[PDB]
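*Asks:* This is the structure, below, for whatever I ask next.
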Amino acid sequence: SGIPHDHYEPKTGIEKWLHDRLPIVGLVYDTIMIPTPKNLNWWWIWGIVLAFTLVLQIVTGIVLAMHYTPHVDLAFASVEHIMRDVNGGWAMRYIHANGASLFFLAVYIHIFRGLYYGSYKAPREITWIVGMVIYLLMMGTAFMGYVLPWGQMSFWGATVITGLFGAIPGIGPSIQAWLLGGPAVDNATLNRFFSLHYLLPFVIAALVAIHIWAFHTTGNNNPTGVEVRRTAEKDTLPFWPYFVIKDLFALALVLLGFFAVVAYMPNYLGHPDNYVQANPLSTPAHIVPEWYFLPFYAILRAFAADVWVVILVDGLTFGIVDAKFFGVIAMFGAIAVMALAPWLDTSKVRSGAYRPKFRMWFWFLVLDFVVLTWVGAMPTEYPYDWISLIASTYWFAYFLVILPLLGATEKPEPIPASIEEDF
Amino acid sequence: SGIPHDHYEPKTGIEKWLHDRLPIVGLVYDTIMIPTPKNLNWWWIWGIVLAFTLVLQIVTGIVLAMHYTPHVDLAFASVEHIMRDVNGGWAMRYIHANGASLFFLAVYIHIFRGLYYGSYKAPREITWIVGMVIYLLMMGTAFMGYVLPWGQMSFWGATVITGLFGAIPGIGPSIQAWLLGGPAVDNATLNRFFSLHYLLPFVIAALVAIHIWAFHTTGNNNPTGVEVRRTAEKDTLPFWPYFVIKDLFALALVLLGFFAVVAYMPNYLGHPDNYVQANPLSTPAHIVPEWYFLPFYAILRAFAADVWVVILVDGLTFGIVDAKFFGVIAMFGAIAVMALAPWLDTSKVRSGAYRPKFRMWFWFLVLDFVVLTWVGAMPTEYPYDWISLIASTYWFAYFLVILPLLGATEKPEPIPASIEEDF
Amino acid sequence: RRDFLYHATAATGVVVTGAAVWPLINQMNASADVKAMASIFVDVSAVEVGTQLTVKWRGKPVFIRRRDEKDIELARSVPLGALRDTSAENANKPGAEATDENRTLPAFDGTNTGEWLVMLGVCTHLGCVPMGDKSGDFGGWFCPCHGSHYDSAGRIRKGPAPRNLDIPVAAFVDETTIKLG
Amino acid sequence: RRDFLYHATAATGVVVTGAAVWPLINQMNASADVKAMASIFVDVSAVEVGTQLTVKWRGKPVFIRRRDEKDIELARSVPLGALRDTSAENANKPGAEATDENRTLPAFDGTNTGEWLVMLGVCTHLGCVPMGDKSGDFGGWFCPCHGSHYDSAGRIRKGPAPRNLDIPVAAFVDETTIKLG
Amino acid sequence: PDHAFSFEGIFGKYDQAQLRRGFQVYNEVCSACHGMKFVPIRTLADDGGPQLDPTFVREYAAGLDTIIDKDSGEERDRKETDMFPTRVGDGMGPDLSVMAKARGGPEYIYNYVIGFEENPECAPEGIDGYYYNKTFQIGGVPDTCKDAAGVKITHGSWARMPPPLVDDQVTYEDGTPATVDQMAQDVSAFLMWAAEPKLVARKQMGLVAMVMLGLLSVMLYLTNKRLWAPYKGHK
Amino acid sequence: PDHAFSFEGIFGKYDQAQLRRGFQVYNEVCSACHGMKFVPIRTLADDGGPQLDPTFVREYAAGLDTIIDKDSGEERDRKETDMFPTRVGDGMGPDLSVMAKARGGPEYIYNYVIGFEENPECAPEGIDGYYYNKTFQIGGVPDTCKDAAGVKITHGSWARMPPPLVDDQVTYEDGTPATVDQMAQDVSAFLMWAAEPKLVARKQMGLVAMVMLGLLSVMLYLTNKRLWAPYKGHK
Ligand code: HEC
Ligand code: HEC
Ligand code: HEC
Ligand code: HEC
Ligand code: HEC
Ligand code: HEC
Ligand code: FES
Ligand code: FES
């Protein structure tokens, strides 16, 4: 059971004088020969993808910062200095910019893999909490970063996603001014964002430290509602070399596609308007902040008192909870409820591979995510308003009511024993 | 023996559900209730001082970077923007600038405490190695940082301490250009230095991580040549609350003095010429890089073929080893030999409190350090040249020959037993 | 005493910690160079009355647009009913009803109001810049960030934006100038 | 085979890693905007021959100083013996001996050398700027960074600096100009 | 058909004669109003695009406007190391440094320059000082051409730029019919260069990396199939 | 004796009348050649120093040179938000923004302005265009005054600045003998302000922190003495 196999430091004198600093003991006993089940599909790779992508972003950023100058008058020029003069330039920038896209794409699949195979269910709450914390940090990071080029979309995205904090009453304008460094956006905001943007990744790495510490102490989830049967465990092959090699193969494929993009379709995920300098006096059409924030942008700009299911007219009972504040609360709740999940699913069961109704609702949820992604880009004119309202309502409904009802009446399936599934 | 007292997680349900993430187990069992001897004097505090100073510097820097603009045309102006407009300004800058001074002062006492009480002697080699690595990183950091204000001393200090790398043959100019971003100093160097300067502290923290991991696995030295007698150990009170409170008291005193300086004598340790903008066309008199690099500056500019003990005329046997390269090697060796110490002292003994000859030689070494500090500021005219040569020669002599001879014939003292020294 | 001394040491440590933390949260506030926040003299100077005029100030645009009769009549024909924000955000006067007579502007040092209207070109939803030049579904301004329809006089309509376009404190400089501040 | 396949996978991984690392070490090299490194036309234009003239170029100063007879005679009276660097660093000619006849400069398009001397104002020790205007213990230049005494013609003396002050490639523009590059 | 360029694909390293033609046009036509500050003059020798002769570059540079200085205010000789000039206002337009990315890009410029036909049969009078363009979409439209809800019934809108070229505005030294269409294509390619000069290097890197990573991935697949063999053989 | 200032110590928050006098002196004498770019004009209302009336500040600002713009080249009215002007060359000197720190500082300025006496009895002819000072140390010296190894026998050296003031150059509105010494002291204090405006806040913070930390340290000493009591009582 949970064979650590510390190696007893019996190799030789080198492995015996290393009794001063244990380090190799840690690596070997724990982070390399960690028994993992055999039943792992191709959905348990994306964590390696995320770690590599994080390293990539940190490196490329440390390189760019050697040529980026945070200032309204010299940011654009420095970016062009990069893409033209520097030796590698375009590569670093395109790899930095697009890799953010892959990062978020990979976390999406990392998260939805989790919702299916009960990875939030006990005893794996801490991992979930830490993951939501990370998600928040990395969203804030990417936001701070999209601003640095001082293009045109930078300015206005910052403007609105800071007016949010100002929507709330009493302490809105104060926070807004304390965050922007002033009444509106200017170089001060740029300096804050650069610093902050150059600091959070390390916090993320530490949090990834705790993320990795947790699911090593707590066994990796597995396609089944079963554990490694610790009591000797013919199942649960080790990590190295088997799963290391599997993950590296998938990672090679992913990097292949990523570099093909970088080299042929690099400006595809971007907004052309970010290639024109900023004008605080003129706003372009369809700001469309980005593609990894459209869901929440839509959940925000949906509630506007423009439907018979408009709960804003009812929330107006209290004269303080206006629309804006309502949408902001709705977004914060869209995330808080995803974090609260493990204490809402009242099921003494596990992976939805044995819960059909859950399968249907979950695929509807994935569809809802895609729809929200597609709607945040389209205007607030009919019919898109009804669509956004329906989708947000279903998100909240799933995460609040649907899981309890299932946990109550959702066991028409024969659960599998013997995690050694030699089929 | 080595009582960890994991606490068994018997407190309550909170301390029992924390069996998902051990964290509190680590803190309690290891990093708080770490048995430390009773025989500790006031020289075992400076590590807490260093940790706090590092945190202070990191914080103040993260704040400054919100207003500093890396560019030749806007650095000085941004520094003045800080010291005038910003709310706190002068405080952050003076605390950042001077705290570096305290940092190095504190590491000096941390290191010399070590040389006395055989803290480099086995089984504490890894700590020493890691400490020298750190010292290097933090020297490089402070150097990169003194440049950012783009004053006058910045430029020329950078110029010379980069011409060093160019002294060596074959791969000197290439490295020089690859480090400066060009033939000479300009904005590119500034960007590199800012980035680098804003990144190494985290590496230092990690290295401090390993630094703290090591001497927790390996017992804290103690005033004597004795261990905690693991086999139950009435000696070795715990860390918390006793030594925590002692260190915090000393730290309060130190911060008191430090803030008195910051508020009354802040520009004392500085160079006024760093308050005039840079002129690549005019060099001031007595550049005098700083005060924590004068020893090595002197060891460098001492060997010049101007004494009957001039080994440069002899090293000229090989036409490649000229003077400059000789001084550079001498400096690198001045540090490498301090790192090699634990394998040069051939003594099966410990703290020099029981080795008189060692006491005398060690106080001579401290005097040599002070002298080198005082000499790097004075010209290379007679008699200072002879002084610098003598001092460097004694440094090398100590660390190479003196310790072996002692380890041979240096045991006229009764060593103390029973680390419980109830005198 | 045990309790008193221990708790007092803890309290003093906490107080010092807070006194050290506050400035790390104060430096991010508006600095003195941002404190200035003063006025601007924009000269109307025959810009062909009826299309628009925009000028930068305080980091935001200040819209100075003449009036087109059709725009005017549409304005003056708006009863307070069915008007989201009837407060006439203009700070040059009290909270008087959001009426075009009060909402257009001072009268050149003369006596007339249905000819000029200078408001802050900042959407009250989240601070975007609406597009002018007769746009939207009400012959006024349209915000492209979320779709808020403004009217001729600038009062909010058809969108999430809660209130109309504010009007800063401004007076005239004897028939060719505007004072913003 | 076990050995072949495993070792080949490792080799390919290493190769890819290196191909990815190299640019992270290449970007820090001089960029194309630093590649330029071209020439400058400085006009002597009667600056009162005998004191000095300094101009910025390539990020370093280029010293153009006329000659003072006492400085000249001290120069021409220096035998190659006791001269640290006798190579005449000047790149406008071969490695001919560091003699004042070759070491002063071209002759205005005429025939004379003991009147002008333009060298690179960069100490060969570590690149500091020596102080001019008759300084040091040899009536020339003095480096304040470590104490290197230069002579009248710029040849190094009395210090760690190994070689004299180099002389870039320069020709005259017909009696009032200098071409640096 | 769509008149695809050379670079439109996995290959097509910027046929350079096209770019020299675009340069002949840009400096003689578009430069009168437009600028390219984000473009150094020394790039007309760098590989990939117009590999002109450096000496001609220095000549053409000295023959341009006067960019004064950064240290001592004095009208210099506009050395190549400087950037192309900037036309800012009073009847002038934006900067074309990266206009090929702020819009499939070059096709916009081609189909924009192409198309300035007379005013349609909805508003033949048109507007004073504004001219009509088939493809610009961010211009004003008269009320006579708008529908019932503000949308325009015209394909394009009214742009403030006049027609830049006639039937035979300039001569090509290489020998080629210099009609409007060829000039438009050429200048579009030149602007795409000015925006993406490092295109060919992009493509070559992409090829090299695709190859090396396919190799690595194949080898890893073999290693995986091997290691996992004794556990996937009976089923 | 040494004519210590007010701020020379643990107290001395910049007696403001002295600074107003120094301002009368600086704008009417030193400003002709020197500048203070690193100094905003609005600081003449901020506390600590000259708490002048804002309206006078705006007037004095509009009455200065013309600082053109940063966005649209056009000679503006020079609003207070801008910085003091800059005199750069052609018989002009450095910037006095932080000259009080690039040298005990203000004493240098006092003992420098003080001292321009005639040429000594070693070189009475002196030099053409250069004037003599007894305290500047970074100026040239004639060969007649140097020793055998280049060192000067004079106290100071020859500075390019002329004597700035005579016996009664300007009047003080408050009523005070405006001799040279008082003006020198006043202008020195003004420059020290221009360099260290946040001095008084520095001192008050230092006091507060010394106090709080002494308190904390005393309490920790008591706690230590207590905890370590049962182990240090028999000896
Ligand atoms: C002045 C006589 C011009 C010359 C000659 C050329 N251009 Fe221009 N251009 C000019 C103006 C005033 C504008 C702004 C138009 C507006 O309505 O805002 C432009 C615009 C362009 C654009 C941008 C179009 C867009 O979608 O915003 C392009 C791509 C452009 N012009 C191209 C172009 C070329 C290739 C030229 C030389 C052949 C050229 N223009 C000449 C003014 C003038
Ligand atoms: C031109 C007529 C001047 C006026 C009036 C004032 N100053 Fe000046 N100053 C001037 C020059 C050309 C120089 C450079 C001198 C040199 O030899 O390099 C200076 C220098 C100073 C300095 C710096 C001295 C030093 O050690 O470098 C100071 C502190 C100074 N001047 C002060 C000063 C004051 C207070 C004035 C008004 C009372 C003033 N100067 C007027 C030119 C001129
Ligand atoms: C060491 C510095 C650094 C790190 C670490 C870093 N970046 Fe950046 N980032 C930059 C710089 C510099 C820019 C501006 C240059 C650019 O846009 O490429 C930038 C810009 C961006 C952009 C906008 C790209 C563009 O071209 O508009 C995004 C998105 C972004 N960062 C996201 C991230 C995310 C997400 C992470 C990690 C979680 C990250 N970055 C890590 C330095 C860094
Ligand atoms: C909001 C949720 C969430 C986020 C965001 C998240 N994780 Fe996870 N992660 C999980 C969960 C749940 C598991 C499953 C743990 C288990 O099975 O015991 C997991 C597992 C892992 C694993 C091991 C198994 C696997 O799925 O590969 C790795 C490695 C990992 N995460 C890395 C990362 C990294 C690196 C990041 C970010 C840079 C990240 N994760 C972000 C929740 C998250
Ligand atoms: C987050 C950024 C950051 C960190 C971390 C940081 N600094 Fe700095 N440092 C700066 C900035 C910004 C400046 C320039 C402003 C200034 O000089 O105060 C600077 C300047 C300096 C200076 C010159 C001070 C002066 O005023 O001339 C020194 C010395 C220095 N740093 C040393 C250090 C050392 C040693 C460390 C930690 C080991 C450190 N710094 C940590 C940001 C930082
Ligand atoms: C080059 C040597 C060196 C450097 C530099 C160094 N250390 Fe140490 N450190 C030591 C040695 C040796 C010991 C003694 C360990 C023992 O007694 O087991 C030690 C002990 C310590 C201790 C515990 C006992 C004590 O002396 O306080 C702390 C805490 C500590 N170091 C922190 C730091 C921090 C933080 C830094 C830098 C930011 C640092 N040290 C830099 C060598 C070094
Ligand atoms: S920001 Fe103006 S409507 Fe959303
Ligand atoms: S740098 Fe010129 S002598 Fe040391």
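Simple scheme: letters A, B, ... for chains in structure tokens order, numbers from 1 for residues in each chain, numbers from 1 for ligands in the order shown.
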Return the neighbours of chain A among the residues of chain B, cut-off 7 Å, counting only C-alpha atoms, as a ChimeraX atom specification.

*Replies:* /B:20-21,62,65-67,69-70,188,191-192,195,214,217-218

*Asks:* What does chain F look like after a least-squares fit onto chain E on every Cα paired in order, written as a compact mmCIF listing (two decimals) with C-alpha atoms, in the first residue's frame?

*Replies:*
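Resulting contents of superposed_2.txt:
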# COMPACT_ATOMS: atom_id res chain seq x y z
CA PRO F 1 -10.28 35.17 -59.42
CA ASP F 2 -9.45 36.39 -55.90
CA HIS F 3 -6.02 37.47 -57.21
CA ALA F 4 -4.14 35.69 -54.45
CA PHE F 5 -0.67 37.03 -53.69
CA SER F 6 2.54 35.01 -53.55
CA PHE F 7 2.84 34.84 -49.75
CA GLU F 8 -0.77 33.64 -49.36
CA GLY F 9 0.02 30.13 -48.23
CA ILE F 10 2.58 27.84 -46.62
CA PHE F 11 5.20 29.28 -49.00
CA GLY F 12 5.67 32.44 -51.04
CA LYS F 13 8.66 34.36 -49.73
CA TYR F 14 7.71 37.84 -50.94
CA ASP F 15 8.57 38.05 -54.63
CA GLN F 16 10.90 41.01 -54.51
CA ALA F 17 10.34 42.67 -57.89
CA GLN F 18 6.74 43.20 -56.79
CA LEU F 19 8.06 44.96 -53.69
CA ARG F 20 10.43 47.19 -55.64
CA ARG F 21 7.47 48.21 -57.80
CA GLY F 22 5.42 48.90 -54.69
CA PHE F 23 8.29 51.03 -53.41
CA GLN F 24 8.38 53.05 -56.62
CA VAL F 25 4.66 53.55 -56.05
CA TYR F 26 4.71 54.35 -52.31
CA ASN F 27 7.47 56.99 -52.36
CA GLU F 28 5.97 58.78 -55.38
CA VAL F 29 2.24 58.58 -54.53
CA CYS F 30 1.28 57.44 -51.03
CA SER F 31 4.15 59.22 -49.26
CA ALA F 32 2.59 62.61 -50.07
CA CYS F 33 0.00 62.03 -47.31
CA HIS F 34 0.95 58.80 -45.49
CA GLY F 35 3.96 57.77 -43.42
CA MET F 36 5.58 54.67 -41.94
CA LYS F 37 7.36 55.69 -38.74
CA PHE F 38 7.44 52.10 -37.47
CA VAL F 39 9.71 51.36 -40.45
CA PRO F 40 13.49 51.88 -40.51
CA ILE F 41 14.96 52.71 -43.94
CA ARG F 42 17.87 50.29 -43.55
CA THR F 43 15.29 47.49 -43.89
CA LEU F 44 15.44 48.08 -47.65
CA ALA F 45 18.65 46.08 -47.58
CA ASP F 46 17.74 43.33 -45.10
CA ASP F 47 16.96 40.03 -46.77
CA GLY F 48 13.43 38.77 -47.34
CA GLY F 49 12.11 41.82 -49.14
CA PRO F 50 13.64 44.45 -51.40
CA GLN F 51 17.36 43.71 -51.19
CA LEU F 52 18.23 47.10 -52.65
CA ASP F 53 21.76 48.46 -52.86
CA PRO F 54 22.73 50.21 -49.58
CA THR F 55 24.20 53.23 -51.37
CA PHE F 56 20.87 53.93 -53.06
CA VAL F 57 19.29 53.63 -49.61
CA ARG F 58 21.56 56.31 -48.16
CA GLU F 59 20.87 58.54 -51.17
CA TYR F 60 17.09 58.11 -50.94
CA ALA F 61 17.30 58.78 -47.20
CA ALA F 62 19.25 62.01 -47.55
CA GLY F 63 16.72 63.00 -50.20
CA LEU F 64 13.80 62.87 -47.76
CA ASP F 65 12.49 65.34 -45.17
CA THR F 66 14.62 66.55 -42.25
CA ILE F 67 14.35 64.68 -38.96
CA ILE F 68 16.03 67.09 -36.59
CA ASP F 69 17.70 65.26 -33.69
CA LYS F 70 17.23 63.80 -30.21
CA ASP F 71 20.10 65.48 -28.31
CA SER F 72 20.88 68.83 -30.02
CA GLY F 73 18.05 70.55 -31.86
CA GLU F 74 19.40 70.92 -35.38
CA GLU F 75 18.06 69.81 -38.76
CA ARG F 76 20.27 66.90 -39.71
CA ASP F 77 20.86 65.06 -42.96
CA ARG F 78 18.41 62.23 -42.03
CA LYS F 79 20.64 59.11 -41.92
CA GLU F 80 19.14 55.69 -42.83
CA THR F 81 19.24 54.66 -39.13
CA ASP F 82 16.27 56.98 -38.60
CA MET F 83 12.74 56.00 -39.56
CA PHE F 84 10.53 56.95 -42.48
CA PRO F 85 8.87 60.36 -42.01
CA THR F 86 5.39 60.99 -40.62
CA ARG F 87 2.56 62.91 -42.27
CA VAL F 88 0.23 63.83 -39.43
CA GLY F 89 -2.49 66.37 -40.22
CA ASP F 90 -4.03 69.11 -42.36
CA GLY F 91 -5.35 66.86 -45.11
CA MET F 92 -3.20 63.84 -44.25
CA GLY F 93 -3.87 60.28 -43.20
CA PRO F 94 -2.82 57.57 -40.77
CA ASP F 95 0.38 55.53 -40.67
CA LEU F 96 0.66 52.53 -42.98
CA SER F 97 3.30 50.72 -40.94
CA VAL F 98 0.94 47.95 -39.81
CA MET F 99 -2.24 48.76 -41.71
CA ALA F 100 -1.90 45.33 -43.32
CA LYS F 101 -2.68 43.76 -39.93
CA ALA F 102 -5.23 46.22 -38.50
CA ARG F 103 -7.81 44.99 -41.01
CA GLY F 104 -7.61 39.30 -44.98
CA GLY F 105 -5.53 42.44 -44.78
CA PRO F 106 -3.78 43.22 -48.07
CA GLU F 107 -6.92 42.22 -49.93
CA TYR F 108 -8.61 45.09 -48.11
CA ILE F 109 -6.04 47.54 -49.47
CA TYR F 110 -6.31 46.09 -52.98
CA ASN F 111 -10.12 46.11 -53.08
CA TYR F 112 -10.06 49.57 -51.45
CA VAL F 113 -7.60 51.36 -53.72
CA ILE F 114 -9.58 49.44 -56.32
CA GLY F 115 -12.96 51.15 -56.18
CA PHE F 116 -13.61 54.86 -56.23
CA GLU F 117 -16.35 54.86 -58.85
CA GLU F 118 -18.73 57.74 -59.34
CA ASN F 119 -21.57 58.37 -56.93
CA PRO F 120 -24.43 55.87 -57.41
CA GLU F 121 -27.99 56.59 -58.53
CA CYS F 122 -29.23 57.37 -55.03
CA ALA F 123 -27.14 60.46 -54.29
CA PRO F 124 -25.36 61.51 -57.51
CA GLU F 125 -24.64 64.96 -56.07
CA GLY F 126 -22.59 63.24 -53.37
CA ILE F 127 -20.72 65.40 -50.85
CA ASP F 128 -18.35 68.36 -50.97
CA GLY F 129 -14.82 67.39 -49.95
CA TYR F 130 -15.63 63.70 -49.49
CA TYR F 131 -15.28 61.03 -52.16
CA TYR F 132 -16.93 57.65 -52.57
CA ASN F 133 -15.52 54.14 -52.14
CA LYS F 134 -17.25 50.81 -52.67
CA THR F 135 -15.35 48.96 -49.92
CA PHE F 136 -14.47 51.23 -47.05
CA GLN F 137 -17.05 50.45 -44.40
CA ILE F 138 -16.28 53.02 -41.70
CA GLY F 139 -17.40 56.18 -43.55
CA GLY F 140 -20.48 58.38 -43.47
CA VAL F 141 -23.49 57.78 -45.71
CA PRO F 142 -26.15 60.35 -46.78
CA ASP F 143 -29.63 59.95 -45.35
CA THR F 144 -30.86 59.37 -48.91
CA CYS F 145 -28.94 56.06 -48.99
CA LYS F 146 -29.79 54.77 -45.49
CA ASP F 147 -32.66 52.37 -44.87
CA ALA F 148 -35.51 52.82 -42.37
CA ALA F 149 -33.27 52.00 -39.36
CA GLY F 150 -29.99 53.77 -40.14
CA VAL F 151 -28.28 50.96 -42.07
CA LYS F 152 -26.68 51.91 -45.39
CA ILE F 153 -27.90 50.50 -48.71
CA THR F 154 -24.49 51.05 -50.37
CA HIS F 155 -21.75 48.43 -50.54
CA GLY F 156 -19.12 50.78 -49.09
CA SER F 157 -19.17 54.36 -47.83
CA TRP F 158 -17.58 57.79 -48.29
CA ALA F 159 -13.83 57.99 -47.57
CA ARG F 160 -11.79 61.17 -47.11
CA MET F 161 -9.00 59.88 -49.39
CA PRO F 162 -9.01 60.86 -52.99
CA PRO F 163 -8.41 58.49 -55.90
CA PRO F 164 -4.73 57.84 -55.70
CA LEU F 165 -4.06 56.70 -59.27
CA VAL F 166 -5.12 57.17 -62.89
CA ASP F 167 -4.58 54.91 -65.94
CA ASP F 168 -0.77 55.23 -66.21
CA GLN F 169 0.54 57.24 -63.27
CA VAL F 170 4.15 55.97 -63.25
CA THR F 171 6.67 53.99 -65.28
CA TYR F 172 8.29 50.72 -64.25
CA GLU F 173 12.00 50.43 -65.02
CA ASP F 174 11.85 46.64 -65.39
CA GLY F 175 9.25 46.93 -68.14
CA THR F 176 5.64 46.15 -67.27
CA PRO F 177 2.15 47.55 -67.95
CA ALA F 178 1.70 49.99 -65.07
CA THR F 179 -2.08 49.93 -64.95
CA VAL F 180 -3.95 50.68 -61.74
CA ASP F 181 -4.50 47.04 -60.75
CA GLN F 182 -0.84 46.02 -60.89
CA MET F 183 0.17 49.09 -58.89
CA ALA F 184 -2.47 48.29 -56.28
CA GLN F 185 -1.26 44.70 -55.91
CA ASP F 186 2.36 45.84 -55.71
CA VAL F 187 1.75 48.49 -53.07
CA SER F 188 -0.36 46.07 -51.05
CA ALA F 189 2.56 43.64 -51.02
CA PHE F 190 4.93 46.45 -50.04
CA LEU F 191 2.75 47.38 -47.08
CA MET F 192 2.50 43.74 -46.03
CA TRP F 193 6.29 43.72 -46.05
CA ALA F 194 6.42 46.88 -43.96
CA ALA F 195 4.16 45.10 -41.47
CA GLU F 196 5.47 41.49 -41.58
CA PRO F 197 9.10 41.56 -42.76
CA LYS F 198 9.97 38.31 -40.98
CA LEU F 199 7.38 36.20 -42.79
CA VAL F 200 9.68 33.83 -44.67
CA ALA F 201 11.67 33.11 -41.51
CA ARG F 202 8.34 32.37 -39.85
CA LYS F 203 7.47 29.79 -42.50
CA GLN F 204 10.89 28.13 -42.46
CA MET F 205 10.84 27.88 -38.67
CA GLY F 206 7.37 26.37 -38.87
CA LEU F 207 8.54 23.74 -41.34
CA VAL F 208 11.63 22.83 -39.31
CA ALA F 209 9.64 22.59 -36.09
CA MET F 210 6.78 20.58 -37.56
CA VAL F 211 9.35 18.11 -38.88
CA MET F 212 11.42 17.76 -35.71
CA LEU F 213 8.34 17.45 -33.51
CA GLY F 214 6.71 14.88 -35.77
CA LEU F 215 9.91 12.87 -35.49
CA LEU F 216 10.04 13.18 -31.70
CA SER F 217 6.35 12.29 -31.44
CA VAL F 218 6.74 9.20 -33.62
CA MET F 219 9.66 7.98 -31.54
CA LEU F 220 7.71 8.55 -28.34
CA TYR F 221 4.74 6.66 -29.79
CA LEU F 222 7.00 3.69 -30.51
CA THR F 223 8.44 3.85 -26.99
CA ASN F 224 4.93 3.94 -25.52
CA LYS F 225 3.66 1.06 -27.64
CA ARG F 226 6.67 -0.91 -26.45
CA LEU F 227 6.52 -0.18 -22.72
CA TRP F 228 2.76 -0.81 -22.61
CA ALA F 229 3.03 -4.07 -24.56
CA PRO F 230 3.05 -6.73 -21.78
CA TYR F 231 -0.13 -5.14 -20.41
CA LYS F 232 -2.16 -4.96 -23.65
CA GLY F 233 -1.49 -8.32 -25.28
CA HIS F 234 -4.02 -10.81 -23.92
CA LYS F 235 -7.02 -8.56 -24.64

*Asks:* Looking at only C-alpha atoms, which of A:182, A:118, A:383, A:89 is the one that sits closest to chain E?

*Replies:*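 Of all the options, A:89 lies closest to chain E.
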
*Asks:* Per residue of chain B within 12 Å of ligand 2, what are the shortest atom pair and its distance in Å to one decimal, counting only C-alpha atoms and all ligand atoms, with rows by chain and residue number, as JSON lines?

*Replies:*
{"residue": "B:273", "atom": "CA", "partner": "ligand 2", "partner_atom_place_in_ligand_line": "27 (O)", "distance": 11.3}
{"residue": "B:276", "atom": "CA", "partner": "ligand 2", "partner_atom_place_in_ligand_line": "27 (O)", "distance": 10.9}
{"residue": "B:284", "atom": "CA", "partner": "ligand 2", "partner_atom_place_in_ligand_line": "27 (O)", "distance": 11.9}

*Asks:* Using DSSP on the backbone, list every residue of range 165-362 of chain B that comes out as alpha helix (DSSP H), and give them as a PyMOL selection string.

*Replies:* chain B and resi 165-167+172-180+187-217+244-264+294-302+312-315+323-340+356-362

*Asks:* Please, which residues of chain F, numbered as in this document, come out strand (DSSP E or B) from DSSP, as a ChimeraX atom specification?

*Replies:* /F:35,40,83,95,131-133,140,146,152,157-159

*Asks:* Using only C-alpha atoms, which protein or nucleic acid residues come within 12 Å of residue 154 in chain B? Drop anything in the same chain fewer than 2 positions from it, and give the result as a VMD selection string.

*Replies:* chain B and resid 72 75 to 76 142 to 152 156 to 162 185 to 186 189 to 190 193 270 to 280 283 to 284 287 to 290

*Asks:* Quote the spacing between CA of residue 105 in chain A and CA of residue 343 in chain A in Å to one decimal place.

*Replies:* 26.3 Å

*Asks:* Which residues come within 9 Å of residue 115 in chain B, counting only C-alpha atoms, excluding same-chain residues fewer than 4 positions away, as a count of residues only?

*Replies:* 7

*Asks:* For CA of residue 388 in chain A and CA of residue 168 in chain A, determine how far apart the two atoms are, in Å to one decimal place.

*Replies:*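 CA of residue 388 in chain A sits 22.6 Å away from CA of residue 168 in chain A.
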